[PDB]
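K.L.:
What follows is entry-v7.txt; its format and atoms are compact mmCIF, C-alpha atoms and all ligand atoms.
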# COMPACT_ATOMS: atom_id res chain seq x y z
CA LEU A 4 97.73 144.09 93.23
CA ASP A 5 101.27 145.46 92.98
CA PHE A 6 102.61 146.97 89.75
CA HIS A 7 105.62 148.72 91.30
CA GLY A 8 108.19 149.57 88.68
CA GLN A 9 106.14 148.37 85.71
CA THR A 10 105.59 150.46 82.60
CA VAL A 11 101.88 150.68 81.72
CA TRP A 12 100.20 152.30 78.71
CA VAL A 13 96.47 153.13 78.78
CA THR A 14 94.46 154.50 75.87
CA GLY A 15 91.28 156.49 76.37
CA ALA A 16 92.99 157.83 79.49
CA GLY A 17 91.38 161.30 79.53
CA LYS A 18 88.11 160.14 81.06
CA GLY A 19 85.93 157.16 81.79
CA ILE A 20 87.28 153.64 82.13
CA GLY A 21 90.68 154.57 80.72
CA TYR A 22 91.16 157.35 83.24
CA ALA A 23 90.04 155.12 86.10
CA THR A 24 92.43 152.39 84.96
CA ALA A 25 95.38 154.77 84.59
CA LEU A 26 94.73 156.10 88.11
CA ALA A 27 94.45 152.58 89.54
CA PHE A 28 97.79 151.61 88.01
CA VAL A 29 99.43 154.79 89.39
CA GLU A 30 98.11 153.91 92.86
CA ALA A 31 99.46 150.36 92.40
CA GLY A 32 102.96 151.78 91.81
CA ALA A 33 103.24 151.65 88.02
CA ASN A 34 104.83 154.18 85.69
CA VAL A 35 101.81 155.12 83.59
CA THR A 36 101.46 156.84 80.22
CA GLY A 37 97.93 157.74 79.13
CA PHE A 38 96.88 158.34 75.52
CA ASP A 39 93.79 160.24 74.39
CA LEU A 40 92.40 162.75 71.91
CA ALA A 41 91.74 165.22 74.72
CA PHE A 42 92.76 165.64 78.36
CA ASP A 43 90.03 168.06 79.41
CA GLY A 44 89.83 166.95 83.06
CA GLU A 45 91.38 168.86 85.95
CA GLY A 46 93.90 166.26 87.12
CA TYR A 47 96.21 163.72 85.47
CA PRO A 48 98.83 162.18 87.80
CA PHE A 49 100.52 160.36 84.94
CA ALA A 50 102.26 161.23 81.70
CA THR A 51 99.87 162.22 78.94
CA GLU A 52 100.15 161.92 75.17
CA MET A 53 97.46 163.78 73.24
CA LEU A 54 96.78 162.34 69.79
CA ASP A 55 94.16 160.57 67.71
CA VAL A 56 94.81 156.89 68.36
CA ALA A 57 92.66 156.21 65.26
CA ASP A 58 95.42 157.89 63.17
CA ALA A 59 98.13 155.43 62.24
CA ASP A 60 100.77 158.09 61.53
CA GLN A 61 100.33 159.82 64.89
CA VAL A 62 100.43 156.53 66.80
CA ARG A 63 103.58 155.49 64.90
CA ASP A 64 105.30 158.77 65.74
CA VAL A 65 104.44 158.80 69.44
CA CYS A 66 104.93 155.11 70.14
CA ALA A 67 108.28 154.92 68.34
CA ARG A 68 109.57 157.83 70.44
CA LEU A 69 108.32 156.32 73.71
CA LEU A 70 109.64 152.83 72.93
CA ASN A 71 113.12 154.32 72.41
CA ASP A 72 113.05 155.46 76.06
CA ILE A 73 111.61 152.42 77.86
CA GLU A 74 113.09 148.97 78.35
CA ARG A 75 109.82 147.05 78.79
CA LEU A 76 106.16 147.66 78.06
CA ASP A 77 104.70 145.62 80.92
CA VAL A 78 100.97 146.28 80.36
CA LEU A 79 98.99 147.71 77.45
CA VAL A 80 95.36 148.64 78.16
CA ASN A 81 93.16 149.46 75.18
CA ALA A 82 90.32 151.52 76.66
CA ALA A 83 89.49 154.00 73.93
CA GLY A 84 85.95 153.97 72.70
CA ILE A 85 82.96 156.05 71.69
CA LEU A 86 79.25 155.24 71.84
CA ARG A 87 77.07 156.45 68.96
CA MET A 88 73.55 155.01 69.09
CA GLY A 89 70.83 154.78 66.49
CA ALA A 90 68.58 152.54 64.48
CA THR A 91 70.77 150.94 61.84
CA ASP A 92 69.03 152.73 58.96
CA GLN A 93 69.18 156.14 60.70
CA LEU A 94 72.81 156.14 61.83
CA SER A 95 74.82 158.87 60.13
CA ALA A 96 77.83 158.16 57.91
CA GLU A 97 79.94 160.12 60.40
CA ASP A 98 78.81 158.07 63.40
CA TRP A 99 79.44 154.82 61.52
CA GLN A 100 82.91 155.81 60.31
CA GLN A 101 84.10 157.30 63.60
CA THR A 102 82.74 154.36 65.61
CA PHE A 103 84.97 151.97 63.65
CA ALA A 104 87.95 154.32 63.39
CA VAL A 105 88.14 154.78 67.17
CA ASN A 106 86.73 151.54 68.55
CA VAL A 107 88.67 149.12 66.27
CA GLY A 108 91.26 151.23 64.48
CA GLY A 109 92.82 152.64 67.63
CA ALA A 110 93.66 149.25 69.07
CA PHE A 111 94.77 148.03 65.64
CA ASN A 112 97.25 150.91 65.48
CA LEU A 113 98.49 150.27 69.02
CA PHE A 114 98.97 146.58 68.22
CA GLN A 115 100.89 147.45 65.05
CA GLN A 116 103.24 149.65 67.05
CA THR A 117 103.74 147.39 70.09
CA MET A 118 103.77 143.80 68.89
CA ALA A 119 107.50 143.89 68.06
CA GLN A 120 108.24 145.18 71.57
CA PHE A 121 106.22 142.38 73.18
CA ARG A 122 108.02 139.80 71.05
CA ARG A 123 111.47 141.23 71.83
CA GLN A 124 111.04 141.53 75.59
CA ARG A 125 109.02 138.33 76.14
CA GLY A 126 106.05 138.52 78.42
CA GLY A 127 103.73 141.30 79.43
CA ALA A 128 99.99 141.64 79.44
CA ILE A 129 97.39 143.25 77.22
CA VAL A 130 93.87 144.04 78.36
CA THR A 131 91.28 145.38 75.93
CA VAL A 132 87.93 146.95 76.89
CA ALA A 133 85.17 145.56 74.67
CA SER A 134 81.45 145.70 75.66
CA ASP A 135 78.63 143.36 76.47
CA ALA A 136 77.12 144.72 73.21
CA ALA A 137 79.68 142.53 71.43
CA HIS A 138 78.08 139.48 73.10
CA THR A 139 74.36 139.94 72.33
CA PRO A 140 72.43 142.10 69.86
CA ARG A 141 71.26 145.37 71.37
CA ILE A 142 68.69 147.60 69.68
CA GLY A 143 70.17 151.03 69.07
CA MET A 144 73.73 149.73 69.26
CA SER A 145 74.18 147.86 65.98
CA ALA A 146 77.32 149.79 64.98
CA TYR A 147 78.71 150.06 68.51
CA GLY A 148 78.28 146.35 69.14
CA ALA A 149 79.72 145.44 65.76
CA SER A 150 82.79 147.60 66.36
CA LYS A 151 83.28 145.99 69.77
CA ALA A 152 82.87 142.52 68.22
CA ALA A 153 85.61 143.38 65.71
CA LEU A 154 87.79 144.70 68.52
CA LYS A 155 87.36 141.50 70.52
CA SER A 156 88.13 139.30 67.52
CA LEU A 157 91.21 141.36 66.69
CA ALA A 158 92.48 141.25 70.28
CA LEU A 159 92.06 137.45 70.44
CA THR A 160 93.99 136.87 67.23
CA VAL A 161 96.72 139.23 68.42
CA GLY A 162 96.75 137.19 71.62
CA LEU A 163 97.35 134.05 69.59
CA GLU A 164 100.08 135.82 67.56
CA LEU A 165 101.83 136.79 70.83
CA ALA A 166 101.24 133.62 72.84
CA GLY A 167 104.60 132.14 71.80
CA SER A 168 106.21 135.25 73.32
CA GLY A 169 104.58 134.63 76.70
CA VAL A 170 102.18 137.59 76.43
CA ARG A 171 98.77 137.29 78.09
CA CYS A 172 95.93 138.94 76.20
CA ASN A 173 92.45 139.30 77.70
CA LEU A 174 89.34 141.47 77.58
CA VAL A 175 86.78 143.05 79.85
CA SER A 176 83.26 143.68 78.54
CA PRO A 177 81.39 146.36 80.54
CA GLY A 178 77.70 147.07 80.39
CA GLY A 209 66.75 140.32 89.27
CA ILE A 210 69.13 140.62 86.31
CA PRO A 211 71.08 142.91 86.06
CA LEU A 212 72.32 142.04 89.54
CA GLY A 213 73.34 145.25 91.30
CA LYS A 214 74.01 148.79 90.16
CA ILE A 215 75.75 149.53 86.86
CA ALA A 216 79.49 149.01 87.24
CA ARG A 217 81.36 152.27 87.68
CA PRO A 218 84.70 152.85 85.92
CA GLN A 219 86.64 152.30 89.14
CA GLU A 220 85.17 148.80 89.37
CA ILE A 221 85.94 147.94 85.74
CA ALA A 222 89.50 149.08 86.41
CA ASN A 223 89.74 146.54 89.25
CA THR A 224 89.02 143.73 86.80
CA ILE A 225 91.55 145.12 84.30
CA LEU A 226 94.25 145.16 87.01
CA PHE A 227 93.39 141.57 87.96
CA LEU A 228 93.81 140.43 84.35
CA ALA A 229 97.08 142.39 84.01
CA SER A 230 98.43 140.91 87.26
CA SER A 231 100.50 137.85 88.14
CA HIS A 232 97.36 136.39 89.76
CA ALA A 233 96.11 135.85 86.16
CA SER A 234 99.33 134.34 84.76
CA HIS A 235 97.60 131.32 83.14
CA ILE A 236 94.61 133.30 81.83
CA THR A 237 94.74 134.36 78.20
CA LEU A 238 92.18 134.86 75.40
CA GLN A 239 89.43 135.35 78.03
CA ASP A 240 86.74 138.03 78.18
CA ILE A 241 85.12 138.84 81.53
CA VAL A 242 81.68 140.41 81.13
CA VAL A 243 81.08 142.91 83.94
CA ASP A 244 77.43 143.89 83.56
CA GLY A 245 75.58 142.27 86.43
CA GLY A 246 74.75 139.17 84.43
CA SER A 247 72.74 140.96 81.72
CA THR A 248 73.97 138.62 78.94
CA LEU A 249 73.02 135.56 81.00
CA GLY A 250 76.45 134.09 80.40
CA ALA A 251 76.73 134.92 76.69
CL CL A 301 82.59 161.12 73.16
Go through the file and emit its structure as structure tokens.
Ligand SMILES: [Cl-]

P.N.:
Amino acid sequence: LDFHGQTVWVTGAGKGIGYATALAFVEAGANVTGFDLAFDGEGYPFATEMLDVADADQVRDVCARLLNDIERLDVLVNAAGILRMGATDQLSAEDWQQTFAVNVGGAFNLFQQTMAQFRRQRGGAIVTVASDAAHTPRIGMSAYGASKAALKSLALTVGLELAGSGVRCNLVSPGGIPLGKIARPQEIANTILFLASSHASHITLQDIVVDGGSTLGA
């Protein structure tokens, strides 16, 4: 998987899956910019942009400035996300609002700021990190799963809106079934790079569930 010379944006890049994906693209030769609310880790070998991706004004400001400097956005990875659990009737107003603001609104903002670039340049790839909680109901995750189901739906319609421009748009849904140990971020990142790569050039509007089979194919 070679991304030499390609410009790659990754949200949620301060930690977790987003960080692992940003690092994997750096190691594959890409020019990576990571976006996150905080960069509290000890090492970021890529450019960082610290903002609330849930905030449409901040995303507009940062993305417009970056798009003035780059000639192509080769890969966009949406990997922001927060997990707030609870019985539906106990979940706080704050946890409900912030779950949707971050888990759906962030990608919505990124799509609003990048779709014109994808149309202009032709081509490119988008990968969005959903969740297997978007595929089956999970006790304690009603809001999380619902936000990830909205994210998936949004990403698929954006993929249809950009299909005429040659853009591929896919998802990954992380977690004797489950088969194996829980997938670590580095392993999710592998699947993201596959879907962003030329080896996936006729794959679009697909969602690979990486959870050891827990959804039994759903
Ligand atoms: Cl958090």

K.L.:
Would you kindly identify which residues have an atom no farther than 9 Å from (88.8, 144.9, 73.6), using all atoms listed in the file and the file's own coordinates, and write them out as a list in words?

P.N.:
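Every polymer residue passing the test: residues 80, 81, 82, 106, 107, 110, 130, 131, 132, 133, 134, 151, 152, 153, 154, 155, 156, 157, 158, 159, 173, 174, 175, 176 and 240 of chain A.
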
K.L.:
Which residues are near residue A:54? Cut-off 8 Å, only C-alpha atoms, ignore same chain within fewer than 3 positions. Put them as a PyMOL selection string.

P.N.:
chain A and resi 38-41+61-62

K.L.:
Which is closer to ligand CL 301 (chain A) than all the others in A:17, A:167, A:250, A:127, using only C-alpha atoms and all ligand atoms?

P.N.:
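Smallest separation from ligand CL 301 (chain A) among the options: A:17.
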
K.L.:
Between atom CA of residue A:148 and atom CA of residue A:217, measure the distance and give it in Å to one decimal.

P.N.:
19.7 Å

K.L.:
Residues contacting ligand CL 301 (chain A) - anything with an atom at most 12 Å away, using all atoms listed in the file - can you give me those as a ChimeraX atom specification?

P.N.:
/A:15,17-19,39-41,43,83-88,98,101-102,105-106

K.L.:
Which neighbours of residue A:35 fall inside 9 Å, counting only C-alpha atoms, when residues of the same chain fewer than 6 positions from it are skipped, and could you give them as a VMD selection string?

P.N.:
chain A and resid 9 to 13 25 to 26 28 to 29 48 to 51

K.L.:
Filtering to C-alpha atoms, could you give me those residues as a PDB file, keeping the file's coordinate frame?

P.N.:
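Produced file out.pdb, reproduced below:
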ATOM      1  CA  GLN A   9     106.140 148.370  85.710  1.00  0.00           C
ATOM      2  CA  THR A  10     105.590 150.460  82.600  1.00  0.00           C
ATOM      3  CA  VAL A  11     101.880 150.680  81.720  1.00  0.00           C
ATOM      4  CA  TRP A  12     100.200 152.300  78.710  1.00  0.00           C
ATOM      5  CA  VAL A  13      96.470 153.130  78.780  1.00  0.00           C
ATOM      6  CA  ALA A  25      95.380 154.770  84.590  1.00  0.00           C
ATOM      7  CA  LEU A  26      94.730 156.100  88.110  1.00  0.00           C
ATOM      8  CA  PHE A  28      97.790 151.610  88.010  1.00  0.00           C
ATOM      9  CA  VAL A  29      99.430 154.790  89.390  1.00  0.00           C
ATOM     10  CA  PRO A  48      98.830 162.180  87.800  1.00  0.00           C
ATOM     11  CA  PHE A  49     100.520 160.360  84.940  1.00  0.00           C
ATOM     12  CA  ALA A  50     102.260 161.230  81.700  1.00  0.00           C
ATOM     13  CA  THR A  51      99.870 162.220  78.940  1.00  0.00           C
TER      14      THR A  51
END

K.L.:
What is the atom CA of residue A:228 to atom CA of residue A:45 distance in Å?

P.N.:
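Atom-to-atom, atom CA of residue A:228 to atom CA of residue A:45, that is 28.6 Å.
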
K.L.:
Write out as a PyMOL selection string each polymer residue whose atoms come within 10 Å of residue A:231, counting all atoms listed in the file; drop sequence neighbours fewer than 5 positions from it.

P.N.:
chain A and resi 4-6+127-128+226+236

K.L.:
Measuring between all atoms listed in the file, which one of A:120, A:36, A:224, A:14 shows the shortest distance to residue A:67?

P.N.:
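The shortest atom-to-atom distance to residue A:67 comes from A:120.
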
K.L.:
Looking at A:91, A:78, A:244, A:16, which one is nearest to residue A:44, with distances taken over all atoms listed in the file?

P.N.:
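Smallest distance to residue A:44 is found for A:16.
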
K.L.:
In terms of the shortest atom-to-atom distance over only C-alpha atoms, which of A:238, A:27, A:243, A:249 is closest to residue A:139?

P.N.:
A:249

K.L.:
Measuring atom to atom with all atoms listed in the file, identify which of A:129, A:118, A:69, A:166 is nearest to residue A:227.

P.N.:
A:129

K.L.:
Using all atoms listed in the file, can you tell me which of A:99, A:121, A:22, A:47 comes closest to residue A:162?

P.N.:
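Among the listed residues, the smallest separation from residue A:162 belongs to A:121.
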
K.L.:
Please report the interatomic distance between atom CA of residue A:111 and atom CA of residue A:57 in Å with one decimal.

P.N.:
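A separation of 8.5 Å between them.
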
K.L.:
Taking (86.9, 156.5, 89.3) in the file's coordinates as the center, which residues reach within 6 Å of it, counting only C-alpha atoms, put as an mmCIF file with C-alpha atoms, in the coordinates of the input?

P.N.:
data_model
loop_
_atom_site.group_PDB
_atom_site.id
_atom_site.type_symbol
_atom_site.label_atom_id
_atom_site.label_comp_id
_atom_site.auth_asym_id
_atom_site.auth_seq_id
_atom_site.Cartn_x
_atom_site.Cartn_y
_atom_site.Cartn_z
ATOM 1 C CA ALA A 23 90.040 155.120 86.100
ATOM 2 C CA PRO A 218 84.700 152.850 85.920
ATOM 3 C CA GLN A 219 86.640 152.300 89.140
#

K.L.:
For the structure just given, write the atoms of stretch 166-231 of chain A, namely N, CA and C atoms, as an mmCIF file, in the first residue's frame.

P.N.:
data_model
loop_
_atom_site.group_PDB
_atom_site.id
_atom_site.type_symbol
_atom_site.label_atom_id
_atom_site.label_comp_id
_atom_site.auth_asym_id
_atom_site.auth_seq_id
_atom_site.Cartn_x
_atom_site.Cartn_y
_atom_site.Cartn_z
ATOM 1 N N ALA A 166 -20.198 10.236 -6.882
ATOM 2 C CA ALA A 166 -19.847 9.130 -7.774
ATOM 3 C C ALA A 166 -19.568 9.607 -9.202
ATOM 4 N N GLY A 167 -20.323 10.588 -9.687
ATOM 5 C CA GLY A 167 -20.101 11.105 -11.030
ATOM 6 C C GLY A 167 -18.756 11.781 -11.187
ATOM 7 N N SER A 168 -18.136 12.161 -10.077
ATOM 8 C CA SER A 168 -16.812 12.755 -10.056
ATOM 9 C C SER A 168 -15.707 11.724 -9.871
ATOM 10 N N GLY A 169 -16.044 10.440 -9.874
ATOM 11 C CA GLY A 169 -15.037 9.408 -9.749
ATOM 12 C C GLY A 169 -14.538 9.163 -8.342
ATOM 13 N N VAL A 170 -15.195 9.711 -7.327
ATOM 14 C CA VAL A 170 -14.747 9.568 -5.945
ATOM 15 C C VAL A 170 -15.298 8.278 -5.352
ATOM 16 N N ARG A 171 -14.429 7.503 -4.702
ATOM 17 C CA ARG A 171 -14.861 6.297 -3.994
ATOM 18 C C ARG A 171 -15.113 6.631 -2.535
ATOM 19 N N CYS A 172 -16.203 6.114 -1.996
ATOM 20 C CA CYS A 172 -16.650 6.498 -0.660
ATOM 21 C C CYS A 172 -17.126 5.256 0.074
ATOM 22 N N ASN A 173 -16.378 4.868 1.107
ATOM 23 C CA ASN A 173 -16.599 3.615 1.822
ATOM 24 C C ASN A 173 -16.493 3.835 3.321
ATOM 25 N N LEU A 174 -16.848 2.795 4.077
ATOM 26 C CA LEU A 174 -16.840 2.840 5.533
ATOM 27 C C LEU A 174 -16.174 1.606 6.118
ATOM 28 N N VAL A 175 -15.683 1.779 7.331
ATOM 29 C CA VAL A 175 -15.246 0.688 8.187
ATOM 30 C C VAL A 175 -16.043 0.774 9.479
ATOM 31 N N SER A 176 -16.496 -0.368 9.976
ATOM 32 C CA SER A 176 -17.312 -0.407 11.192
ATOM 33 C C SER A 176 -16.624 -1.254 12.250
ATOM 34 N N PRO A 177 -15.834 -0.646 13.139
ATOM 35 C CA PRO A 177 -15.158 -1.414 14.189
ATOM 36 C C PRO A 177 -16.119 -1.870 15.267
ATOM 37 N N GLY A 178 -15.669 -2.862 16.024
ATOM 38 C CA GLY A 178 -16.331 -3.259 17.246
ATOM 39 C C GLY A 178 -16.137 -2.300 18.409
ATOM 40 N N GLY A 209 -17.908 -19.505 19.046
ATOM 41 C CA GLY A 209 -16.647 -18.796 18.943
ATOM 42 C C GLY A 209 -16.722 -17.499 18.152
ATOM 43 N N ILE A 210 -17.817 -16.775 18.317
ATOM 44 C CA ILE A 210 -17.948 -15.396 17.846
ATOM 45 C C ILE A 210 -18.061 -14.499 19.072
ATOM 46 N N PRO A 211 -17.315 -13.386 19.150
ATOM 47 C CA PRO A 211 -16.318 -12.877 18.189
ATOM 48 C C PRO A 211 -15.128 -13.812 17.996
ATOM 49 N N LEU A 212 -14.692 -13.883 16.739
ATOM 50 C CA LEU A 212 -13.506 -14.630 16.337
ATOM 51 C C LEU A 212 -12.283 -13.749 16.558
ATOM 52 N N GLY A 213 -11.428 -14.145 17.504
ATOM 53 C CA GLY A 213 -10.194 -13.432 17.765
ATOM 54 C C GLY A 213 -10.347 -12.301 18.767
ATOM 55 N N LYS A 214 -9.208 -11.667 19.046
ATOM 56 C CA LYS A 214 -9.149 -10.545 19.972
ATOM 57 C C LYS A 214 -9.749 -9.299 19.326
ATOM 58 N N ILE A 215 -10.219 -8.372 20.170
ATOM 59 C CA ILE A 215 -10.764 -7.116 19.664
ATOM 60 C C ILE A 215 -9.732 -6.449 18.760
ATOM 61 N N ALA A 216 -10.201 -5.890 17.646
ATOM 62 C CA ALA A 216 -9.294 -5.275 16.684
ATOM 63 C C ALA A 216 -8.686 -4.008 17.274
ATOM 64 N N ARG A 217 -7.366 -3.919 17.228
ATOM 65 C CA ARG A 217 -6.684 -2.732 17.700
ATOM 66 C C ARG A 217 -6.713 -1.654 16.622
ATOM 67 N N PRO A 218 -6.525 -0.397 17.013
ATOM 68 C CA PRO A 218 -6.534 0.691 16.021
ATOM 69 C C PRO A 218 -5.639 0.440 14.827
ATOM 70 N N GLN A 219 -4.440 -0.096 15.057
ATOM 71 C CA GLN A 219 -3.514 -0.317 13.951
ATOM 72 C C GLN A 219 -4.120 -1.242 12.914
ATOM 73 N N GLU A 220 -4.954 -2.190 13.351
ATOM 74 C CA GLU A 220 -5.556 -3.132 12.416
ATOM 75 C C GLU A 220 -6.730 -2.505 11.670
ATOM 76 N N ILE A 221 -7.515 -1.657 12.343
ATOM 77 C CA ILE A 221 -8.551 -0.903 11.654
ATOM 78 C C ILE A 221 -7.927 -0.023 10.577
ATOM 79 N N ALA A 222 -6.817 0.615 10.916
ATOM 80 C CA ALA A 222 -6.137 1.479 9.960
ATOM 81 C C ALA A 222 -5.758 0.713 8.699
ATOM 82 N N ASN A 223 -5.339 -0.547 8.842
ATOM 83 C CA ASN A 223 -5.007 -1.350 7.665
ATOM 84 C C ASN A 223 -6.183 -1.416 6.696
ATOM 85 N N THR A 224 -7.378 -1.653 7.229
ATOM 86 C CA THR A 224 -8.565 -1.746 6.398
ATOM 87 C C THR A 224 -8.903 -0.405 5.768
ATOM 88 N N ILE A 225 -8.716 0.692 6.514
ATOM 89 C CA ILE A 225 -8.924 2.024 5.934
ATOM 90 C C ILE A 225 -7.973 2.249 4.756
ATOM 91 N N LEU A 226 -6.691 1.891 4.914
ATOM 92 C CA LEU A 226 -5.737 2.102 3.818
ATOM 93 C C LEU A 226 -6.094 1.239 2.610
ATOM 94 N N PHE A 227 -6.559 0.013 2.841
ATOM 95 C CA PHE A 227 -7.018 -0.803 1.722
ATOM 96 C C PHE A 227 -8.138 -0.107 0.952
ATOM 97 N N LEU A 228 -9.148 0.394 1.671
ATOM 98 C CA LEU A 228 -10.271 1.042 0.996
ATOM 99 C C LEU A 228 -9.877 2.356 0.329
ATOM 100 N N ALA A 229 -8.853 3.041 0.834
ATOM 101 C CA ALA A 229 -8.370 4.265 0.202
ATOM 102 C C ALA A 229 -7.453 4.000 -0.980
ATOM 103 N N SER A 230 -7.037 2.749 -1.190
ATOM 104 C CA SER A 230 -5.983 2.414 -2.137
ATOM 105 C C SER A 230 -6.529 2.092 -3.534
ATOM 106 N N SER A 231 -5.600 2.016 -4.493
ATOM 107 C CA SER A 231 -5.971 1.630 -5.850
ATOM 108 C C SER A 231 -6.407 0.171 -5.939
#
